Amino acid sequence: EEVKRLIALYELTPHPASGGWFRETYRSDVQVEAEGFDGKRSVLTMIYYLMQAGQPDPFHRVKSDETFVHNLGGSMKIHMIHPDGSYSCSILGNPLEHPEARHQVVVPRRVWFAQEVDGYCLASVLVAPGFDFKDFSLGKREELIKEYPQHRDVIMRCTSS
């Protein structure tokens, strides 16, 4: 209602690492052995991911491209700090309502990213090679400020204390 209907209906649960809601809906039987990965991985995993205003999914990164796909709701800012230190922002949403928004956004592997919404957004989020906690890094405020001092504001807004 509408957020709760979607949480009920899709059986989302509060995301350990984030201010949002999720459930992994698919994990492929097929495996890849990929350099830079410790061990076999699944070819693909997909979650539902729902976000609400006020609670930013904080900076984090993985070893795969992460593909976001907009299902419902408002737009979703996806903040990105790339390894060369540069900052970009992609808008996930519906260009029919917001011309700068796209229904697909691919976050390159190794980019630190965080996300915020002004209302709520339901997304499907896919990762290939498939998600595994050994490949996940939750960013620490102080380490990120030290690495990227020129991005202090966005880092402050999108990390916990």
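The first residue of the shown sequence is 1; numbering continues from there.
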- Query: On average, which has the higher Cα B-factor in the deposited entry, 29-37 or 106-114?
  - Reply: 29-37
- Message: So, looking at the entry's B-factor column for Cα atoms, which has the higher mean, 38-46 or 51-59?
- Response: 51-59
- Query: For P95, does the deposited CA B-factor place it in the lowest, middle or highest third of the chain?
  - Reply: middle
- Task: Taking the chain's C-alpha temperature factors as the reference, tell me which third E24 falls into: lowest, middle or highest.
- Result: lowest
